[PDB]
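J.: Input: one structure, supplied below.
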Amino acid sequence: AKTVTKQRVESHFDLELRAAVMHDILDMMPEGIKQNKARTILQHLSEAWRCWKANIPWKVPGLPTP
RNA sequence: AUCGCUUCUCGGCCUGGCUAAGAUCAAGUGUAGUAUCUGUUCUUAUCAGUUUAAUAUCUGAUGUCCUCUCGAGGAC
């Protein structure tokens with residue numbers, strides 16, 4: 001396996017961040033619910049970070065609290 | 001066999017990572033003439049003048065005498 005050098009820091013961190021969020025999706029969702037929609041949650045996370053970078057108020061009007 | 005619930009098959013119907021938003025930029029004439037957008041356009045009465053292939057344009061009065069109170073009646 002390749003080491004994490006300097007030019008491979010930032011993207012790898014994002015990759016690891018994505019993986020962590022994916023794990024925190026898969027044990028938060030209760031019994032049932034076939035549509036996991038984890039890609040939509042990752043898109044929401046990317047949009048929330050992009051709204052944090054531009055100091056834009058980020059609020060999805062309907063979104064589950066956990 | 002009717003009704004409600006659960007499950008599955010089939011038919012039209014929402015559905016692409018990260019970084020410094022990853023970064024940066026972006027030049028023609030002049031004179032005539034034509035065409036297309038957009039706006040303004042066209043109902044008052046016959047006749048005469050001008051005009052015209054003809055229309056259009058174009059300048060002039062748009063039922064008279066008497067009486068009563070744009071209206072009515074009388075030999076008309």
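Quick note on naming: the chains in the structure tokens go A, B, ... in the order shown, residues restart at 1 in each chain, and ligands are numbered from 1 in order of appearance.
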Show me, as a compact mmCIF listing (two decimals) with N, CA, C and O atoms, in the first residue's frame, the residues of chain A whose atoms get within 12 Å of chain B, using only C-alpha atoms (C1' of nucleotides) for the distance check.
T.:
# COMPACT_ATOMS: atom_id res chain seq x y z
N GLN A 7 1.55 15.51 -0.73
CA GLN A 7 0.66 15.79 -1.85
C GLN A 7 -0.61 14.95 -1.83
O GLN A 7 -1.55 15.27 -2.57
N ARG A 8 -0.67 13.91 -1.01
CA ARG A 8 -1.83 13.07 -0.84
C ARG A 8 -2.47 13.24 0.53
O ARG A 8 -3.14 12.32 0.99
N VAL A 9 -2.25 14.37 1.22
CA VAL A 9 -2.89 14.53 2.53
C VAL A 9 -4.38 14.80 2.37
O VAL A 9 -5.21 13.94 2.72
N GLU A 10 -4.73 15.92 1.72
CA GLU A 10 -6.01 16.60 1.91
C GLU A 10 -7.17 15.76 1.41
O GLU A 10 -8.12 15.49 2.17
N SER A 11 -7.05 15.27 0.17
CA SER A 11 -8.07 14.42 -0.45
C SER A 11 -8.28 13.14 0.34
O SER A 11 -9.43 12.73 0.55
N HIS A 12 -7.18 12.57 0.86
CA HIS A 12 -7.27 11.35 1.66
C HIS A 12 -8.05 11.59 2.93
O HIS A 12 -8.88 10.74 3.30
N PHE A 13 -7.86 12.77 3.54
CA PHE A 13 -8.62 13.15 4.72
C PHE A 13 -10.10 13.21 4.41
O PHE A 13 -10.91 12.62 5.15
N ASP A 14 -10.44 13.78 3.25
CA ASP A 14 -11.83 13.86 2.81
C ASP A 14 -12.39 12.48 2.58
O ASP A 14 -13.51 12.18 3.03
N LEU A 15 -11.55 11.59 2.02
CA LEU A 15 -11.93 10.20 1.79
C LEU A 15 -12.23 9.51 3.10
O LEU A 15 -13.32 8.92 3.25
N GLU A 16 -11.37 9.73 4.10
CA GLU A 16 -11.57 9.13 5.41
C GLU A 16 -12.80 9.69 6.08
O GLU A 16 -13.59 8.92 6.64
N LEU A 17 -13.03 11.00 5.88
CA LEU A 17 -14.19 11.68 6.44
C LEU A 17 -15.46 11.08 5.88
O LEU A 17 -16.36 10.72 6.65
N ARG A 18 -15.44 10.81 4.56
CA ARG A 18 -16.59 10.25 3.86
C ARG A 18 -16.91 8.87 4.40
O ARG A 18 -18.07 8.61 4.76
N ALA A 19 -15.86 8.08 4.65
CA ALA A 19 -16.03 6.71 5.12
C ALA A 19 -16.63 6.70 6.51
O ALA A 19 -17.57 5.93 6.77
N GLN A 35 -34.64 2.31 1.17
CA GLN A 35 -33.92 3.43 0.57
C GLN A 35 -33.02 4.04 1.62
O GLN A 35 -33.47 4.82 2.47
N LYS A 37 -30.32 6.01 0.89
CA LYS A 37 -30.08 7.35 0.33
C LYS A 37 -28.84 8.02 0.93
O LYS A 37 -28.85 9.22 1.23
N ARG A 39 -25.96 8.58 -0.50
CA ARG A 39 -25.36 9.53 -1.44
C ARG A 39 -25.98 10.91 -1.30
O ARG A 39 -25.27 11.92 -1.42
N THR A 40 -27.28 10.97 -1.00
CA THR A 40 -27.95 12.25 -0.77
C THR A 40 -27.45 12.89 0.53
O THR A 40 -27.27 14.11 0.59
N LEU A 42 -24.43 12.41 1.78
CA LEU A 42 -23.08 12.89 1.48
C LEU A 42 -23.10 14.18 0.67
O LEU A 42 -22.25 15.06 0.87
N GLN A 43 -24.08 14.31 -0.23
CA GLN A 43 -24.27 15.56 -0.96
C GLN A 43 -24.69 16.69 -0.03
O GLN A 43 -24.25 17.84 -0.20
N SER A 46 -21.53 17.77 1.81
CA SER A 46 -20.71 18.61 0.93
C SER A 46 -21.29 20.01 0.79
O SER A 46 -20.56 21.00 0.80
N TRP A 49 -20.70 21.94 4.07
CA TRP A 49 -19.32 22.42 4.17
C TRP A 49 -19.07 23.58 3.21
O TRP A 49 -18.37 24.54 3.57
N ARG A 50 -19.65 23.53 2.01
CA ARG A 50 -19.51 24.62 1.06
C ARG A 50 -20.24 25.88 1.53
O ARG A 50 -19.79 26.99 1.25
N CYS A 51 -21.35 25.71 2.23
CA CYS A 51 -22.04 26.86 2.81
C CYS A 51 -21.31 27.40 4.03
O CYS A 51 -21.43 28.59 4.34
N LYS A 53 -18.01 27.43 4.18
CA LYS A 53 -16.86 28.14 3.62
C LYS A 53 -17.23 29.53 3.13
O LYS A 53 -16.40 30.44 3.21
N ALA A 54 -18.45 29.72 2.64
CA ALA A 54 -18.87 30.99 2.09
C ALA A 54 -19.69 31.82 3.06
O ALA A 54 -20.24 32.84 2.65
J.: Quick one: pick out all helix (DSSP H, G or I) residues within chain A from a backbone DSSP run and write them as a ChimeraX atom specification.
T.: /A:10-26,38-53
J.: To one decimal in Å, tell me the separation between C1' of residue 73 (chain B) and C1' of residue 45 (chain B).
T.: 26.3 Å
